[PDB]
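To start, the structure itself, in structure tokens.
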Amino acid sequence: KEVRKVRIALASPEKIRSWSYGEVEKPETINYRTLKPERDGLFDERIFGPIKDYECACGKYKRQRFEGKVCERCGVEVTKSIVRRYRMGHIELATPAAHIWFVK
Amino acid sequence: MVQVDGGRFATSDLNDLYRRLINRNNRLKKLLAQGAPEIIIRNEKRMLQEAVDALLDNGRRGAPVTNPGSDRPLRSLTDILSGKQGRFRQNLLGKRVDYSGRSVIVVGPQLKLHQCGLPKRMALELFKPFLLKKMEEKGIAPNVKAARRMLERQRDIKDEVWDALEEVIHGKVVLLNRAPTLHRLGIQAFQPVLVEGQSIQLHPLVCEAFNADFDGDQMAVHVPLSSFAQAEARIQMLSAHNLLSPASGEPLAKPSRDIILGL
Amino acid sequence: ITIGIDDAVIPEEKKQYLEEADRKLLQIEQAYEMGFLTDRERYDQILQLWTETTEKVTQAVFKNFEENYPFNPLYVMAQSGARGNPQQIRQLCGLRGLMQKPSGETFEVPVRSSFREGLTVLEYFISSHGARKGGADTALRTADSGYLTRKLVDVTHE
Amino acid sequence: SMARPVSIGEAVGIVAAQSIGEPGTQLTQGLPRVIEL
Amino acid sequence: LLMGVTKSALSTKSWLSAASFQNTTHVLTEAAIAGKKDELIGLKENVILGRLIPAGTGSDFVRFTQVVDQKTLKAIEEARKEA
Amino acid sequence: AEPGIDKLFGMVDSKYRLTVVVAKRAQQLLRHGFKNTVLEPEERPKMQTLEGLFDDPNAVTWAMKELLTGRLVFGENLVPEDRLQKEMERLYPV
Amino acid sequence: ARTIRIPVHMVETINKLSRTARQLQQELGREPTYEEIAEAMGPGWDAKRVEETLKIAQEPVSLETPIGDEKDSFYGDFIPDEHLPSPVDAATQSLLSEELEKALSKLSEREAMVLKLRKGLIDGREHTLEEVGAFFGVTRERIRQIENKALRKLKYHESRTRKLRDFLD
Amino acid sequence: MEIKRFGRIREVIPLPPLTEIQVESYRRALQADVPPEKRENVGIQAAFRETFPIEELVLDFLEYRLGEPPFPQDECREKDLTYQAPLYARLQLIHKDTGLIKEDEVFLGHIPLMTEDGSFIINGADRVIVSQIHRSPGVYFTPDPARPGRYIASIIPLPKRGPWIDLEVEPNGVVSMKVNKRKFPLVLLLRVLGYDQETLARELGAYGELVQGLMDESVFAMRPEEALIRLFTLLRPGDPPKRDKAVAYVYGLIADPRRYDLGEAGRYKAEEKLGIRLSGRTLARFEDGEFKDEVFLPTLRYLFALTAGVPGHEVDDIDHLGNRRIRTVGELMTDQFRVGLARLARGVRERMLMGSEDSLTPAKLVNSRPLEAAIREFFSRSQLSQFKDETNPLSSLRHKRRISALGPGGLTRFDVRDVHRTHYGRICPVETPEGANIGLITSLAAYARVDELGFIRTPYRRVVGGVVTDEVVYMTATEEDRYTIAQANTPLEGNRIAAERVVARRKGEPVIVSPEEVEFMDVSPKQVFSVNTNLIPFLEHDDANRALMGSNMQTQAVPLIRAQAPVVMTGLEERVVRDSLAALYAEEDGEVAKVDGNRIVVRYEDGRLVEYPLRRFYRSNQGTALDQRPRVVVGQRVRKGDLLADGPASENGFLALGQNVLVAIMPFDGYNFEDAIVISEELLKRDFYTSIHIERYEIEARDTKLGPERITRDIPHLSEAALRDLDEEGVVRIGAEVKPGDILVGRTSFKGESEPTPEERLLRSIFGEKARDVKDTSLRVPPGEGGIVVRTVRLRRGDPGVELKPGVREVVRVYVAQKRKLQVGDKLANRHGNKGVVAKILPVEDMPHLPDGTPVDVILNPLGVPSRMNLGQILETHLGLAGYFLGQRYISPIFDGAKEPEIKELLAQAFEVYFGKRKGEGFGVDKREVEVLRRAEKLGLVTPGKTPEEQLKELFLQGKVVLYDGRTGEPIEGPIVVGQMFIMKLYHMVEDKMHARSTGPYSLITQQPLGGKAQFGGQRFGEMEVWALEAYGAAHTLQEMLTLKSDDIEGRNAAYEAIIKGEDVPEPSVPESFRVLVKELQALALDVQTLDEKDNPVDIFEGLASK
RNA sequence: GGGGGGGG
DNA sequence: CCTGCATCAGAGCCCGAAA
Ligand SMILES: [Mg+2]
Ligand SMILES: [Zn+2]
């Protein structure tokens, strides 16, 4: 069906989690020698998606006959790497934190 | 975080604003498990707020967080959305486009009002997809992939290419724009007449609408692709169909300078 | 149609109108240095004097053109609307006129030269304050206009 | 622009804006007054 | 009520319009609270979406107009008139 | 100017309707290879190449000239849009 | 401290290179080359290892850096996206599979199906000897043979349909 | 040819050395040429002497030295190094506790050296540091805007060396003092410095209501120590007011001659205004254990007397050039130097506490890094260090003489943009940028010198009673307003004042006075204008707005291979090239030994044999060819200061930014329209307006984690035709014609895990080629560029003398040259601000031509003149006409130049050659000259009833000519102005600017076309362009721009597929950057969703983000 | 806590 | 009740922009 409206509304912590594919646990980015993304860091493929299309991280499942499988060894979905543009993560706060827009 | 030409790395500011958040959350988690005094837990809890507040809207409250050894505020999500360089005004209400080009402007007294002179080397590129298709329907290349290979090197362009182009752009218009586009005739459609040389030829009568001099002005070219876009241009945006001002109702295309002088 | 220096014709009427101006101008300073009328009153009445003198020479420039040189290039281009307006032409043939101090208030002494005649260095420096003030003004304006327009589009686009 | 009655679907609002704004550069109370109004 | 153009603009229904104008966080804050739905009535909204603007060739007045040649037009009409 | 544009604005209540008809029709012919054209071999818009006259490839040129003849009909809710598609592909294949 | 976090002892080595160099420069009255650092570091250190230590120490730069001017220029705006295919590339890859299968079916699709099962249009089904023991239609060394005959029938089939040369780049 | 000089004005003094604002400033800052005792306490010396001694043990500073540069100038340019000297400092460590003293010479790093012409080389590129104008420090009194009868005194120090302070007297009646946006009763401070109620009343009493308004009893209930703590609580709440730390805060704030610095100039101006003498450059002292006032009461005293209308008390005009000074190169750099010194001192005191308080030397105590980085940052990234403008030699000379009011310490986002009456003779009123920056950036006037305190002064002649001395006194704006200063042109017999009424100024106001009344006289007219402005003949006849463009475009003239000086000069074009240093001159008298294309060797009287090598075909920052040409022949005898080689855009040592061309001034069938220009193909034929341009191309081979990049001749899949002009190792051979797509440098890179797709390996399986593992990464020629390879530079890892940034093996550079003939699109201009793009090139047979057959070079439209009011170009060509037939060039000084009767005199002499020859060799008047003459007589141009010869002379004296249209042979119905004009070819060439793009690179995040020709960018269709399509109602054109033609990835790939297959483009999909907006709003915890008619959600991600 | 060398 | 009075978010377009 066709787009006719655009709604905007608050997001519950519940719903933020409904978006999320993984909690980002580490401030790491990419490993300094593999330059591949560190797992549970800010670029982890296990959360956000494969870097290369229809190919897992360690290389066990490498093309499209598997679409949607999650590699046992490395844990990455086999889809189009375009997903790294869409898949949200999330950070579980210890203490709650106010959203400054609604404060100031 | 991308490797740019150099093997160097280049990274968006949000990553450093997230890292500051993650450290503080993580360390608060540990100070809790280790039962630290509340003056310590209080201090981190407040720093956590400020990490969240610089991520969401750095600078909004208190000192803006900066990269070490730089005075540059990190650009936070609010910064991205907002302002002249923000998402809305820089990439949603207006983008850069394909099938466009720019050159210096030159008067073309011999043009008819619906025309302009368009450099053929420009026209080659702006219409290049079309040119490839024509190139194979005749025969100057076996298929579209060889056709493109041929126009890569300037030495390997042979004269019958240009006759192929002329066929392509037949009847089609291009758009001309001179910034600042103050009103709707900052853009107007012209049937292009290919020219040697590198300069666009503008028709004398349209210079007023455009506020176009020839003291080095330049003008952008745009090629409407679909049948729909081309029909809009030819009917609604053709120079010849817009002779009157939409503001006063008076003639906009009119004699001026030499044309008056001679008459 | 061409333009050579001789095509910017100083009217004979010009010298007479200038002598008329100085004899009335010394009328005004005796009324000052004898204390009949103010220094504000005197600055005011010489400004209107030189304004009227400027107008006088402008129509002088065009009457001499129309009657004696009706096909002069400057006359033709201005008259037909091809290019130039009276006070531009007035500056080539008559006098440059009153300039303005940085503050905006005008100088009492005008530029008596024309561009054909050529300005004195002091006339040229005097006239520069106005040019520069105009150039800055226009530069701040286009931003104010640009913003205005975006507001308008924003309020009417639907 | 057409010396004739307006076609259903013309983006008048935009046109109106462009019409008022374009002379903008050349206003020497001048343009401030207009903003004030 | 008389407001000038800036405040008038920022007060339209369309939050995609106002947020893209100015005062973006304020505009977005209040809208998100209200659960505002943009009906995409004006042109900026549809520009932001890359949709086809509701003017010109995009007006619902002229958009659905059909064109048929007479040869097709009654070639079709004959097969559909009978049972 | 577009040949006969003053007449083409005579045709419509609203200028944007003219160009909708024109653009629609222009893709009608490009899809059907022009074979559904209303015009006859001497009305066909021609284009001069180096070899000689050939058909004008530009279907927007075509549609406006077609339109001027008056053999096209235009309007809203003429016919269910799906039912056109195949009877046109039936009469003039691709 | 580093956007690319690096092990704690490796940073300890990097910090040492800098202290080493700074004293070097402090006595030499000019910037040392990697060799003068390498020996000042003792055994195990050559100049290539000074050099690869510094490339590791390199910190990333901000996509939001202003390109001088500071008005209207970001570094990131100068950086092309080389991941997503361009319209030509996506068209070239489509074009290839289009005439790739319109060339297998033109001998027969069966022996082109055996070969197509060998490499894989979408899957990459490439091992070597064994699995072929199962379902192609025949036993095991025959698939390798009809591999060649499909390949060389392809190669004559292509000397006529020589439109694939261009894909060689 | 003969040159004729006009002008009655005898100039007592030549122009000063015009780069002296740069050279003298840095030389004074470094003092490298002075023995360290003898150094005065300025610049580098002053920074050291203010940073040291460093207290705890004490590190003290002995002297500094500067070594010689590790590499010479051109050597630095070649290898992308900075031209700089090693800086060493000898310091003695002294232990306060024991008595140990170890002293060593510590290396502080390198300081960049300035070249002879007053520029720098920073990583291989020339740069210029532009002087900054700002408010002089001192004490100022301005009127209170809100309260009319009141005034604010302000004390303002050097930038970043103290706070600014206001002394508003609030409605309350007390004297209030503003600091750091904080207000408080100033009398609070008064007590702190040891005042009490008697001293305030005895000194100040005269002001009935005002002096008693400062008195507040609760504050005196308190000795000076109490009041010290008083205030500290005011200004940093929460900090415990320890008597120790309140002292330190306010001391460092107010009296610390290290954290607070008024100028050396600020010190004098304060002494002069308040009528005091200052012990140092701080507002107060700490002496004998308590605070001692310096400034505050003279400042308070001055304000109260002005309040009351006491005589001798005046407001200060803050725009007056006596209260505004310039921060030259030296000052600017030493400011950055002192900052880096003070940073290094933070590291010294830190290390004077850790690590063994005895086992330490100066060497291990100092870390150079914070000084090195401070200087490197001032030079590479400061916004006053500019990429040199060396388009032509004048470009760089104007650059050095520029004055910016932006910068760290000037304006930014009318009063300061205005021409102030004190600019006269100091800052050019004409040369300034059109646009947003107008009046913020300006140029040093020609005779102006910047003095020790940084005020601009201008020369003036003293006049005694009535006779004009030859003594010249350079004068700041403040001292100028005391005197009556006569105009430069006022008439004089010998040295006596010859008019009984003289035109003079007094405080910039113009006044008529007698010769008894005059105290000084202007040196020259040139002293009021910049160098560029001074290069405009007949400037007295040009409206200023167009003279403004005449100035600035001379900066932009590109060096022509046939460059020639203008037929009408002003007399400054000789020393411009001399001070430019483009041309090369003779040191002493002597005899030329040898003359080569590459070299010229001269033997002087000294016996020495000096060899001058010549820079030939060197590429400037802007790509224009800097090239010196030998102008003397072997054996020629030469004096001191004679010229030996012409620089670029110089002809026989005169500045040559264009060519003299024969111009007719008439419309021409529409190709003249709205400033376009019509030129004759004759100019291309004889290589007029042809210029050489070199672009530089670079490429690096790097070590990658996939393996090495190698600069190869072996490139997968490419024919020998593609590689013919490549040498053995894969770089193009010197002297090859390279055109777009050609390869200049071969290079292979290892293919990423893009490991040929199964689709690809099968493909190459069939051809029996196995896919190589290296990719073609060669450096090719970009679209629209090209030329002939003239040079290659190859720098590898492991060669002697070379090691590159970490990771890169080898870097190759290829210099490509082009000879660019003039073409339609390219920009011409004259010195009067007439500018136009050449729109048409007619063949010689279409050009209007004179009756004796010679055709004009360029046709300019007259419509360009009346509204622009730049009549100087009109006189320029008249005199050009005379000179064309007489074979002369002329020197008409500005404002003292050739006047109409004088030009007619030489025009008459010219007519005899144009016409007397004609009748001589057997030809009479032409039938067509009679038809023109007929209509000219109807225009009142010729007197009726004279022979055709008599009447053509009358037209020739008006500058007009009989012209025959080459197309018809029939005459132009009127007599037309024709003459020689100086017209430059500006740097804006269409070859540089044409650009077009079908598809190309896209931005990382937004997936929208990149920008800019160099990126194969796409044009920006912005906000106002959408409005344009919106008004037109071009909904489908507009939607195309918003999708297919930008970031609608599916629709853009699909559209491209449709066109190369001949179908119409598919209706678009969702722009990727709206998808980006959604996810950024989710990143702000905002749930934005697309719905349908029935309000059911619509998934814009085609299921790809839902689980 | 908001801003700049060139072209139109 | 109203006014000072404070806190915030605005400040033209496109292209070279010489990092
Ligand atoms: Mg212009
Ligand atoms: Zn895996």
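The way I read the labels, and the way they are meant: chains A, B, ... in the order of the structure tokens, residue 1 as the first residue of every chain, and ligand 1 as the first ligand shown, with later ones counted on from there.
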
Up to 7 Å from chain H, what residues of chain A turn up? Count only C-alpha atoms and give them as a VMD selection string. chain A and resid 1 to 11 16 83 86 to 87

Could those selected residues go to a file with N, CA, C and O atoms, as an mmCIF file, in the first residue's frame?
```cif
data_model
loop_
_atom_site.group_PDB
_atom_site.id
_atom_site.type_symbol
_atom_site.label_atom_id
_atom_site.label_comp_id
_atom_site.auth_asym_id
_atom_site.auth_seq_id
_atom_site.Cartn_x
_atom_site.Cartn_y
_atom_site.Cartn_z
ATOM 1 N N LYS A 1 0.838 -1.202 0.000
ATOM 2 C CA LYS A 1 0.000 0.000 0.000
ATOM 3 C C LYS A 1 0.888 1.274 0.000
ATOM 4 O O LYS A 1 2.111 1.173 0.169
ATOM 5 N N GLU A 2 0.275 2.454 -0.194
ATOM 6 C CA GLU A 2 0.973 3.712 -0.474
ATOM 7 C C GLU A 2 1.041 4.642 0.739
ATOM 8 O O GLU A 2 0.043 4.837 1.443
ATOM 9 N N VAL A 3 2.216 5.259 0.934
ATOM 10 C CA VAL A 3 2.447 6.229 2.011
ATOM 11 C C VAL A 3 1.467 7.388 1.883
ATOM 12 O O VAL A 3 1.369 8.023 0.831
ATOM 13 N N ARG A 4 0.752 7.694 2.952
ATOM 14 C CA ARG A 4 -0.165 8.827 2.935
ATOM 15 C C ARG A 4 -0.002 9.777 4.107
ATOM 16 O O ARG A 4 -0.477 10.915 4.013
ATOM 17 N N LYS A 5 0.627 9.359 5.203
ATOM 18 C CA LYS A 5 0.827 10.205 6.367
ATOM 19 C C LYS A 5 2.190 9.900 6.951
ATOM 20 O O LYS A 5 2.816 8.901 6.599
ATOM 21 N N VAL A 6 2.659 10.762 7.853
ATOM 22 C CA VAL A 6 3.858 10.464 8.634
ATOM 23 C C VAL A 6 3.622 10.881 10.082
ATOM 24 O O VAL A 6 3.505 12.081 10.373
ATOM 25 N N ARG A 7 3.589 9.893 10.993
ATOM 26 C CA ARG A 7 3.382 10.087 12.422
ATOM 27 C C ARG A 7 4.731 10.203 13.118
ATOM 28 O O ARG A 7 5.723 9.605 12.678
ATOM 29 N N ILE A 8 4.771 11.010 14.188
ATOM 30 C CA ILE A 8 5.954 11.104 15.044
ATOM 31 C C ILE A 8 5.497 11.120 16.490
ATOM 32 O O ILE A 8 4.551 11.835 16.847
ATOM 33 N N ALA A 9 6.164 10.326 17.321
ATOM 34 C CA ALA A 9 5.717 10.103 18.682
ATOM 35 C C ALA A 9 6.896 9.645 19.524
ATOM 36 O O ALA A 9 7.886 9.118 19.013
ATOM 37 N N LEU A 10 6.765 9.856 20.836
ATOM 38 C CA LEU A 10 7.715 9.351 21.824
ATOM 39 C C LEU A 10 7.979 7.864 21.641
ATOM 40 O O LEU A 10 7.117 7.110 21.177
ATOM 41 N N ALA A 11 9.182 7.439 22.019
ATOM 42 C CA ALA A 11 9.544 6.026 21.998
ATOM 43 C C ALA A 11 9.742 5.526 23.428
ATOM 44 O O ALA A 11 10.575 6.061 24.171
ATOM 45 N N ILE A 16 12.240 1.137 22.024
ATOM 46 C CA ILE A 16 13.647 1.262 21.662
ATOM 47 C C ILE A 16 14.294 -0.108 21.596
ATOM 48 O O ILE A 16 15.041 -0.411 20.655
ATOM 49 N N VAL A 83 21.906 -3.560 5.286
ATOM 50 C CA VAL A 83 21.234 -3.517 6.584
ATOM 51 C C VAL A 83 21.996 -2.702 7.617
ATOM 52 O O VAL A 83 21.365 -2.098 8.481
ATOM 53 N N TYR A 86 20.282 0.355 8.657
ATOM 54 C CA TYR A 86 18.901 0.282 9.120
ATOM 55 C C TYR A 86 18.791 -0.338 10.499
ATOM 56 O O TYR A 86 17.943 0.081 11.296
ATOM 57 N N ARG A 87 19.629 -1.328 10.791
ATOM 58 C CA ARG A 87 19.615 -2.064 12.043
ATOM 59 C C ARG A 87 20.097 -1.159 13.179
ATOM 60 O O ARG A 87 21.261 -0.742 13.206
#
```

Write out as a list in words each polymer residue (protein, DNA or RNA) that has an atom no more than 7 Å from ligand 1, with only C-alpha atoms (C1' of nucleotides) and all ligand atoms counted. residues 212, 213, 214, 215, 216 and 217 of chain B; 8 of chain I

Output N, CA, C and O atoms (P, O5', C5', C4', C3', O3' and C1' of nucleotides) for every residue in the selection just made, as a PDB file, in the first residue's frame.
```
ATOM      1  N   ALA B 212      21.498  37.663 -16.128  1.00  0.00           N
ATOM      2  CA  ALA B 212      22.726  37.143 -16.726  1.00  0.00           C
ATOM      3  C   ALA B 212      23.479  38.251 -17.470  1.00  0.00           C
ATOM      4  O   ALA B 212      22.935  38.852 -18.391  1.00  0.00           O
ATOM      5  N   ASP B 213      24.704  38.562 -17.022  1.00  0.00           N
ATOM      6  CA  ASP B 213      25.691  39.352 -17.742  1.00  0.00           C
ATOM      7  C   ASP B 213      26.567  38.395 -18.540  1.00  0.00           C
ATOM      8  O   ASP B 213      26.341  37.184 -18.587  1.00  0.00           O
ATOM      9  N   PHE B 214      27.623  38.934 -19.148  1.00  0.00           N
ATOM     10  CA  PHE B 214      28.681  38.107 -19.718  1.00  0.00           C
ATOM     11  C   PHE B 214      30.039  38.589 -19.225  1.00  0.00           C
ATOM     12  O   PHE B 214      31.025  38.619 -19.987  1.00  0.00           O
ATOM     13  N   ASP B 215      30.083  38.983 -17.944  1.00  0.00           N
ATOM     14  CA  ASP B 215      31.307  39.289 -17.224  1.00  0.00           C
ATOM     15  C   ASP B 215      31.862  38.057 -16.499  1.00  0.00           C
ATOM     16  O   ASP B 215      32.587  38.185 -15.493  1.00  0.00           O
ATOM     17  N   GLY B 216      31.557  36.864 -17.015  1.00  0.00           N
ATOM     18  CA  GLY B 216      32.051  35.625 -16.462  1.00  0.00           C
ATOM     19  C   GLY B 216      31.013  34.776 -15.744  1.00  0.00           C
ATOM     20  O   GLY B 216      31.381  33.726 -15.212  1.00  0.00           O
ATOM     21  N   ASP B 217      29.737  35.191 -15.705  1.00  0.00           N
ATOM     22  CA  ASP B 217      28.613  34.361 -15.278  1.00  0.00           C
ATOM     23  C   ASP B 217      28.792  32.892 -15.698  1.00  0.00           C
ATOM     24  O   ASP B 217      29.562  32.580 -16.598  1.00  0.00           O
TER      25      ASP B 217
ATOM     26  P     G I   8      33.108  38.440 -11.176  1.00  0.00           P
ATOM     27  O5'   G I   8      31.582  37.996 -11.232  1.00  0.00           O
ATOM     28  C5'   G I   8      31.087  37.447 -12.444  1.00  0.00           C
ATOM     29  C4'   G I   8      29.762  36.751 -12.285  1.00  0.00           C
ATOM     30  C3'   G I   8      28.620  37.556 -11.694  1.00  0.00           C
ATOM     31  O3'   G I   8      28.048  38.472 -12.616  1.00  0.00           O
ATOM     32  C1'   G I   8      28.662  35.387 -10.733  1.00  0.00           C
TER      33        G I   8
END
```

For ligand 2, collect every residue having any atom at a distance of at most 7 Å from a ligand atom (counting only C-alpha atoms (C1' of nucleotides) and all ligand atoms); output as a PyMOL selection string. chain A and resi 56-61+71-76

Distance table requested - chain C against chain E, cut-off 12 Å, only C-alpha atoms: one row per qualifying residue with the closest atom pair and its distance in Å to one decimal, ordered by chain and rising residue number, as a Markdown table.
```
| residue | atom | partner | partner_atom | distance |
| --- | --- | --- | --- | --- |
| C:147 | CA | E:6 | CA | 10.4 |
| C:148 | CA | E:5 | CA | 9.2 |
| C:149 | CA | E:5 | CA | 10.5 |
| C:150 | CA | E:21 | CA | 8.7 |
| C:151 | CA | E:6 | CA | 6.0 |
| C:152 | CA | E:5 | CA | 6.7 |
| C:153 | CA | E:9 | CA | 9.2 |
| C:154 | CA | E:9 | CA | 6.0 |
| C:155 | CA | E:9 | CA | 4.6 |
| C:156 | CA | E:9 | CA | 8.2 |
| C:157 | CA | E:43 | CA | 6.2 |
| C:158 | CA | E:42 | CA | 4.0 |
```

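All of the residues in chain J within 10 Å of chain G are residues 17, 18 and 19 of chain J, where only C-alpha atoms (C1' of nucleotides) were counted.
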
Based on only C-alpha atoms, which of the residues in chain D come within 12 Å of chain B? I want them as a list in words. residues 1, 2, 3, 4, 6, 7, 10, 11, 12, 13, 14, 15, 16, 17, 18, 19, 20, 21, 22, 23, 24 and 25 of chain D

Residues of chain E within 9 Å of chain F, only C-alpha atoms counted, as number ranges by chain: E: 55-59, 61-73, 75-76

Which of region 875-927 of chain H counts as strand (DSSP E or B) under DSSP, as JSON, numbers by chain please? {"H": [888, 889, 890, 891]}

Just the selected residues (C-alpha atoms), exported as a PDB file, in the first residue's frame, please.
```pdb
ATOM      1  CA  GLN H 888      54.999  56.018 -28.791  1.00  0.00           C
ATOM      2  CA  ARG H 889      54.044  54.844 -25.319  1.00  0.00           C
ATOM      3  CA  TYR H 890      53.223  57.298 -22.567  1.00  0.00           C
ATOM      4  CA  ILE H 891      53.394  57.885 -18.823  1.00  0.00           C
TER       5      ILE H 891
END
```

Near chain H, meaning an atom within 6 Å, which residues of chain G appear when counting only C-alpha atoms? Write them as a count of residues only. 9

May I have the residues of chain E within 6 Å of chain A, counting only C-alpha atoms, written as JSON, numbers by chain? {"E": [32, 33, 35, 36, 37, 38, 39]}

Go ahead and write the selection's residues with N, CA, C and O atoms as an mmCIF file, in the first residue's frame.
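The new file again.cif reads:
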```cif
data_model
loop_
_atom_site.group_PDB
_atom_site.id
_atom_site.type_symbol
_atom_site.label_atom_id
_atom_site.label_comp_id
_atom_site.auth_asym_id
_atom_site.auth_seq_id
_atom_site.Cartn_x
_atom_site.Cartn_y
_atom_site.Cartn_z
ATOM 1 N N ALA E 32 6.299 15.339 18.672
ATOM 2 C CA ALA E 32 6.442 13.964 19.146
ATOM 3 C C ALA E 32 5.572 13.713 20.373
ATOM 4 O O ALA E 32 4.932 12.660 20.486
ATOM 5 N N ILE E 33 5.525 14.681 21.293
ATOM 6 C CA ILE E 33 4.616 14.607 22.434
ATOM 7 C C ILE E 33 3.179 14.370 21.974
ATOM 8 O O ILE E 33 2.496 13.464 22.463
ATOM 9 N N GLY E 35 2.044 13.209 19.239
ATOM 10 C CA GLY E 35 1.804 12.145 18.293
ATOM 11 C C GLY E 35 1.333 12.639 16.951
ATOM 12 O O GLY E 35 0.580 11.928 16.279
ATOM 13 N N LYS E 36 1.784 13.834 16.537
ATOM 14 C CA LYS E 36 1.296 14.533 15.338
ATOM 15 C C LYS E 36 1.428 13.694 14.075
ATOM 16 O O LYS E 36 2.491 13.129 13.786
ATOM 17 N N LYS E 37 0.355 13.612 13.314
ATOM 18 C CA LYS E 37 0.428 13.026 11.982
ATOM 19 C C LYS E 37 0.470 14.111 10.901
ATOM 20 O O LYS E 37 -0.408 14.983 10.848
ATOM 21 N N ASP E 38 1.497 14.057 10.047
ATOM 22 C CA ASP E 38 1.572 14.940 8.884
ATOM 23 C C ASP E 38 0.764 14.331 7.749
ATOM 24 O O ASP E 38 1.022 13.196 7.327
ATOM 25 N N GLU E 39 -0.223 15.066 7.266
ATOM 26 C CA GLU E 39 -1.031 14.553 6.173
ATOM 27 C C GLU E 39 -0.396 14.803 4.805
ATOM 28 O O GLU E 39 -0.977 14.402 3.791
#
```

Which residues of chain I come within 8 Å of chain H, and for each one, what is the closest pair of atoms and their distance in Å to one decimal, counting only C-alpha atoms (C1' of nucleotides), sorted by chain and residue number, as JSON lines?
```
{"residue": "I:3", "atom": "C1'", "partner": "H:413", "partner_atom": "CA", "distance": 5.3}
{"residue": "I:4", "atom": "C1'", "partner": "H:412", "partner_atom": "CA", "distance": 7.9}
{"residue": "I:5", "atom": "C1'", "partner": "H:386", "partner_atom": "CA", "distance": 7.6}
```
